[PDB]
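> Can you read through this structure? Questions will come right after.
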Amino acid sequence: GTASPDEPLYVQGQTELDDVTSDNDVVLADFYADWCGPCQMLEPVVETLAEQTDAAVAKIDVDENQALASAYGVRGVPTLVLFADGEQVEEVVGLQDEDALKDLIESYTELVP
């Protein structure tokens, strides 16, 4: 078929984020800062999640998207926001281990009850 979004997408601005959350059913948005250690440790992890799950992964630099971050209640880094059908449905803060994030994604990319 068609090519899936199997690598993370760097996203700047509301229009670019809206494009990703409207074109992909589940999106994990990784709000980061390049000066933050735990943020850099998340980089291989969210890469693996883009490669191994049906979620698209968006990466948003909070220093370059201050108002965008504030609009989603992002008040520190790391913050990861999960979108389902364009709706914010989960928000986790701090370093989240790869298995926990994969489990979070799969509770939306798969039928539950």
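Note on naming: chains are A, B, ... as they come in the structure tokens, residues start from 1 per chain, ligands start from 1 in the order shown.
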For segment 74-78 of chain A, work out the shell of residues within 12 Å, counting only C-alpha atoms and skipping chain neighbours fewer than 4 positions away, then give it as an NGL selection string.
:A and (29-43 or 46 or 59-63 or 65-70 or 88 or 91-97)
> Restricted to N, CA and C atoms, what would the selected residues look like written as a tab-separated table (two decimals), in the first residue's frame?

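Dumped to part.tsv:
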```
chain	number	residue	atom	x	y	z
A	29	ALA	N	3.04	13.28	20.54
A	29	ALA	CA	3.75	14.55	20.40
A	29	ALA	C	4.77	14.66	21.53
A	30	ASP	N	6.04	14.73	21.16
A	30	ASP	CA	7.16	14.80	22.10
A	30	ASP	C	7.59	16.26	22.19
A	31	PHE	N	7.24	16.92	23.29
A	31	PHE	CA	7.65	18.31	23.52
A	31	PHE	C	8.98	18.30	24.24
A	32	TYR	N	10.00	18.88	23.60
A	32	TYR	CA	11.38	18.75	24.04
A	32	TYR	C	12.09	20.10	24.06
A	33	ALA	N	13.25	20.11	24.71
A	33	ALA	CA	14.25	21.16	24.59
A	33	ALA	C	15.61	20.51	24.37
A	34	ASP	N	16.43	21.10	23.49
A	34	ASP	CA	17.70	20.47	23.13
A	34	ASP	C	18.72	20.52	24.26
A	35	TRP	N	18.50	21.36	25.26
A	35	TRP	CA	19.39	21.47	26.41
A	35	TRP	C	19.01	20.54	27.54
A	36	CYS	N	17.98	19.72	27.36
A	36	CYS	CA	17.45	18.86	28.41
A	36	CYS	C	17.92	17.43	28.19
A	37	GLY	N	18.59	16.86	29.20
A	37	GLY	CA	19.16	15.54	29.12
A	37	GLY	C	18.13	14.44	28.91
A	38	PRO	N	17.13	14.34	29.79
A	38	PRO	CA	16.06	13.36	29.56
A	38	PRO	C	15.40	13.49	28.20
A	39	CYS	N	15.29	14.70	27.66
A	39	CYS	CA	14.75	14.86	26.31
A	39	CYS	C	15.61	14.14	25.28
A	40	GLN	N	16.94	14.28	25.37
A	40	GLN	CA	17.80	13.60	24.41
A	40	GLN	C	17.70	12.09	24.55
A	41	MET	N	17.51	11.60	25.77
A	41	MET	CA	17.36	10.16	25.97
A	41	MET	C	16.06	9.65	25.35
A	42	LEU	N	15.06	10.52	25.23
A	42	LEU	CA	13.83	10.11	24.57
A	42	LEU	C	13.97	10.00	23.06
A	43	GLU	N	15.04	10.56	22.47
A	43	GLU	CA	15.12	10.59	21.01
A	43	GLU	C	15.20	9.20	20.40
A	46	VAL	N	11.47	7.52	21.00
A	46	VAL	CA	10.33	7.87	20.15
A	46	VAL	C	10.61	7.53	18.69
A	59	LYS	N	7.70	15.79	16.97
A	59	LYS	CA	8.66	16.35	17.92
A	59	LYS	C	8.58	17.87	17.85
A	60	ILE	N	8.35	18.51	18.99
A	60	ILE	CA	8.10	19.95	19.03
A	60	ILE	C	9.08	20.59	20.01
A	61	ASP	N	9.90	21.51	19.52
A	61	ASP	CA	10.84	22.26	20.36
A	61	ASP	C	10.07	23.33	21.14
A	62	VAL	N	10.02	23.20	22.47
A	62	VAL	CA	9.22	24.14	23.26
A	62	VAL	C	9.79	25.55	23.18
A	63	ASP	N	11.10	25.70	23.00
A	63	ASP	CA	11.67	27.04	22.94
A	63	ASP	C	11.27	27.78	21.67
A	65	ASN	N	8.30	27.07	20.08
A	65	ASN	CA	6.86	26.91	19.96
A	65	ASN	C	6.20	27.16	21.31
A	66	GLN	N	6.55	28.30	21.93
A	66	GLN	CA	6.12	28.61	23.30
A	66	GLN	C	4.60	28.61	23.42
A	67	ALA	N	3.94	29.35	22.53
A	67	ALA	CA	2.49	29.46	22.58
A	67	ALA	C	1.82	28.14	22.23
A	68	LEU	N	2.37	27.40	21.27
A	68	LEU	CA	1.88	26.06	20.97
A	68	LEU	C	1.96	25.16	22.20
A	69	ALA	N	3.10	25.19	22.89
A	69	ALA	CA	3.23	24.38	24.09
A	69	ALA	C	2.21	24.78	25.15
A	70	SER	N	2.08	26.08	25.40
A	70	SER	CA	1.12	26.56	26.38
A	70	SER	C	-0.30	26.16	26.02
A	88	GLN	N	-6.49	15.67	22.15
A	88	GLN	CA	-5.59	15.29	23.23
A	88	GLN	C	-6.30	14.35	24.21
A	91	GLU	N	-1.56	12.81	28.63
A	91	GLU	CA	-0.37	13.62	28.77
A	91	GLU	C	0.50	13.01	29.85
A	92	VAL	N	1.76	12.72	29.52
A	92	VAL	CA	2.69	12.18	30.49
A	92	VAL	C	3.89	13.09	30.55
A	93	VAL	N	4.49	13.19	31.74
A	93	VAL	CA	5.61	14.09	31.95
A	93	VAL	C	6.79	13.30	32.50
A	94	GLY	N	7.97	13.86	32.29
A	94	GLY	CA	9.20	13.21	32.70
A	94	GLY	C	9.62	12.14	31.71
A	95	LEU	N	10.78	11.57	32.00
A	95	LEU	CA	11.27	10.46	31.21
A	95	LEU	C	10.34	9.28	31.40
A	96	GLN	N	9.75	8.83	30.31
A	96	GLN	CA	8.88	7.67	30.31
A	96	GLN	C	9.60	6.56	29.58
A	97	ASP	N	9.64	5.38	30.19
A	97	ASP	CA	10.39	4.30	29.57
A	97	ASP	C	9.68	3.79	28.32
```
> Give me, as number ranges by chain, all polymer residues having an atom no more than 6 Å from residue 28 of chain A, counting only C-alpha atoms and skipping those fewer than 4 positions away in the same chain.
A: 57, 81-82
> If you run DSSP on this backbone, which residues of segment 45-109 of chain A come out as alpha helix (DSSP H), and could you give them as a list in words?
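Answer for segment 45-109 of chain A restricted to alpha helix (DSSP H) is residues 45, 46, 47, 48, 49, 50, 51, 52, 66, 67, 68, 69, 70, 71, 98, 99, 100, 101, 102, 103, 104, 105, 106, 107, 108 and 109 of chain A.
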> How about saving the chosen residues, C-alpha atoms kept, as an mmCIF file, in the first residue's frame?

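To be explicit, this is the file written out as selection.cif:
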```cif
data_model
loop_
_atom_site.group_PDB
_atom_site.id
_atom_site.type_symbol
_atom_site.label_atom_id
_atom_site.label_comp_id
_atom_site.auth_asym_id
_atom_site.auth_seq_id
_atom_site.Cartn_x
_atom_site.Cartn_y
_atom_site.Cartn_z
ATOM 1 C CA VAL A 45 12.855 5.846 22.135
ATOM 2 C CA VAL A 46 10.333 7.874 20.153
ATOM 3 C CA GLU A 47 12.204 6.877 16.989
ATOM 4 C CA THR A 48 11.565 3.235 17.871
ATOM 5 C CA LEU A 49 7.910 4.036 18.611
ATOM 6 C CA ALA A 50 7.474 5.597 15.175
ATOM 7 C CA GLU A 51 9.068 2.517 13.609
ATOM 8 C CA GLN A 52 7.244 -0.127 15.681
ATOM 9 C CA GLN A 66 6.119 28.609 23.297
ATOM 10 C CA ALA A 67 2.488 29.461 22.576
ATOM 11 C CA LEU A 68 1.877 26.056 20.968
ATOM 12 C CA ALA A 69 3.234 24.375 24.090
ATOM 13 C CA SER A 70 1.122 26.563 26.384
ATOM 14 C CA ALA A 71 -1.974 25.770 24.295
ATOM 15 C CA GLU A 98 9.990 2.818 26.117
ATOM 16 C CA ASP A 99 7.710 -0.040 27.235
ATOM 17 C CA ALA A 100 5.379 2.315 29.120
ATOM 18 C CA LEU A 101 5.050 4.598 26.093
ATOM 19 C CA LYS A 102 4.491 1.631 23.769
ATOM 20 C CA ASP A 103 1.770 0.376 26.115
ATOM 21 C CA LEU A 104 0.202 3.846 26.179
ATOM 22 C CA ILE A 105 0.184 4.031 22.378
ATOM 23 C CA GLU A 106 -1.253 0.524 21.980
ATOM 24 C CA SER A 107 -4.163 1.289 24.290
ATOM 25 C CA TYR A 108 -5.305 3.576 21.435
ATOM 26 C CA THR A 109 -3.952 1.944 18.276
#
```
> Taking into account only C-alpha atoms, which residue in the set A:58, A:112, A:79, A:23 is nearest to residue 10 of chain A?
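For residue 10 of chain A, the nearest of the given residues is A:58.
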> Using backbone DSSP assignments, extract all strand (DSSP E or B) residues from chain A; output them as a ChimeraX atom specification.
/A:9-10,26-32,56-61,79-84,87-93
> Taking N, CA and C atoms for each residue, export the selection above as an mmCIF file, in the first residue's frame.

```
data_model
loop_
_atom_site.group_PDB
_atom_site.id
_atom_site.type_symbol
_atom_site.label_atom_id
_atom_site.label_comp_id
_atom_site.auth_asym_id
_atom_site.auth_seq_id
_atom_site.Cartn_x
_atom_site.Cartn_y
_atom_site.Cartn_z
ATOM 1 N N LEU A 9 8.491 13.117 13.148
ATOM 2 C CA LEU A 9 8.269 14.330 12.358
ATOM 3 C C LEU A 9 8.551 15.553 13.220
ATOM 4 N N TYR A 10 9.515 16.378 12.811
ATOM 5 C CA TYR A 10 9.718 17.649 13.499
ATOM 6 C C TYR A 10 8.634 18.625 13.063
ATOM 7 N N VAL A 26 -3.581 8.203 15.537
ATOM 8 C CA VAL A 26 -2.939 8.335 16.840
ATOM 9 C C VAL A 26 -1.618 9.053 16.631
ATOM 10 N N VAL A 27 -1.352 10.067 17.450
ATOM 11 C CA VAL A 27 -0.112 10.827 17.349
ATOM 12 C C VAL A 27 0.481 10.974 18.745
ATOM 13 N N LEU A 28 1.768 10.638 18.886
ATOM 14 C CA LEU A 28 2.526 10.943 20.096
ATOM 15 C C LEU A 28 3.356 12.192 19.831
ATOM 16 N N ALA A 29 3.041 13.279 20.537
ATOM 17 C CA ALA A 29 3.750 14.547 20.404
ATOM 18 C C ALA A 29 4.766 14.665 21.532
ATOM 19 N N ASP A 30 6.036 14.733 21.165
ATOM 20 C CA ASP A 30 7.160 14.799 22.097
ATOM 21 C C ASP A 30 7.588 16.260 22.190
ATOM 22 N N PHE A 31 7.237 16.923 23.295
ATOM 23 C CA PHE A 31 7.646 18.309 23.524
ATOM 24 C C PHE A 31 8.983 18.302 24.241
ATOM 25 N N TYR A 32 9.998 18.875 23.601
ATOM 26 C CA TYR A 32 11.382 18.749 24.041
ATOM 27 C C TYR A 32 12.094 20.097 24.058
ATOM 28 N N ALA A 56 1.823 8.055 14.663
ATOM 29 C CA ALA A 56 2.793 9.014 14.163
ATOM 30 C C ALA A 56 3.437 9.698 15.357
ATOM 31 N N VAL A 57 4.704 10.065 15.219
ATOM 32 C CA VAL A 57 5.411 10.768 16.282
ATOM 33 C C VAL A 57 5.782 12.158 15.790
ATOM 34 N N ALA A 58 5.376 13.180 16.548
ATOM 35 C CA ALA A 58 5.717 14.570 16.284
ATOM 36 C C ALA A 58 6.680 15.041 17.363
ATOM 37 N N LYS A 59 7.704 15.794 16.972
ATOM 38 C CA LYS A 59 8.664 16.352 17.923
ATOM 39 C C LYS A 59 8.584 17.867 17.848
ATOM 40 N N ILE A 60 8.349 18.511 18.989
ATOM 41 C CA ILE A 60 8.104 19.947 19.030
ATOM 42 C C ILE A 60 9.076 20.585 20.011
ATOM 43 N N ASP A 61 9.899 21.513 19.521
ATOM 44 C CA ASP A 61 10.837 22.265 20.360
ATOM 45 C C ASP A 61 10.070 23.331 21.136
ATOM 46 N N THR A 79 7.520 16.573 28.074
ATOM 47 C CA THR A 79 6.090 16.305 28.125
ATOM 48 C C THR A 79 5.725 15.611 26.828
ATOM 49 N N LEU A 80 4.981 14.514 26.922
ATOM 50 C CA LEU A 80 4.479 13.824 25.746
ATOM 51 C C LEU A 80 2.961 13.869 25.768
ATOM 52 N N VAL A 81 2.356 14.294 24.658
ATOM 53 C CA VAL A 81 0.905 14.408 24.557
ATOM 54 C C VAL A 81 0.443 13.397 23.528
ATOM 55 N N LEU A 82 -0.536 12.574 23.883
ATOM 56 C CA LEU A 82 -1.092 11.618 22.929
ATOM 57 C C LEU A 82 -2.385 12.177 22.364
ATOM 58 N N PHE A 83 -2.513 12.139 21.044
ATOM 59 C CA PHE A 83 -3.707 12.571 20.338
ATOM 60 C C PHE A 83 -4.394 11.354 19.745
ATOM 61 N N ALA A 84 -5.716 11.326 19.823
ATOM 62 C CA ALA A 84 -6.507 10.314 19.143
ATOM 63 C C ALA A 84 -7.588 11.033 18.358
ATOM 64 N N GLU A 87 -7.733 14.742 18.979
ATOM 65 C CA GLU A 87 -8.081 15.122 20.339
ATOM 66 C C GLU A 87 -6.957 14.753 21.298
ATOM 67 N N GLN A 88 -6.490 15.665 22.147
ATOM 68 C CA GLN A 88 -5.592 15.288 23.233
ATOM 69 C C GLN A 88 -6.297 14.346 24.209
ATOM 70 N N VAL A 89 -5.761 13.130 24.360
ATOM 71 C CA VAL A 89 -6.351 12.121 25.232
ATOM 72 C C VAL A 89 -5.448 11.716 26.392
ATOM 73 N N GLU A 90 -4.132 11.898 26.305
ATOM 74 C CA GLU A 90 -3.231 11.562 27.398
ATOM 75 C C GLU A 90 -2.114 12.588 27.435
ATOM 76 N N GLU A 91 -1.563 12.808 28.629
ATOM 77 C CA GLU A 91 -0.366 13.625 28.766
ATOM 78 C C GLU A 91 0.501 13.006 29.850
ATOM 79 N N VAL A 92 1.756 12.720 29.518
ATOM 80 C CA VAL A 92 2.687 12.175 30.493
ATOM 81 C C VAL A 92 3.894 13.095 30.549
ATOM 82 N N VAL A 93 4.486 13.192 31.736
ATOM 83 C CA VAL A 93 5.611 14.090 31.955
ATOM 84 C C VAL A 93 6.789 13.295 32.495
#
```
> If you measure from atom CA of residue 12 of chain A to atom CA of residue 53 of chain A, what distance in Å do you get, rounded to one decimal?
22.8 Å
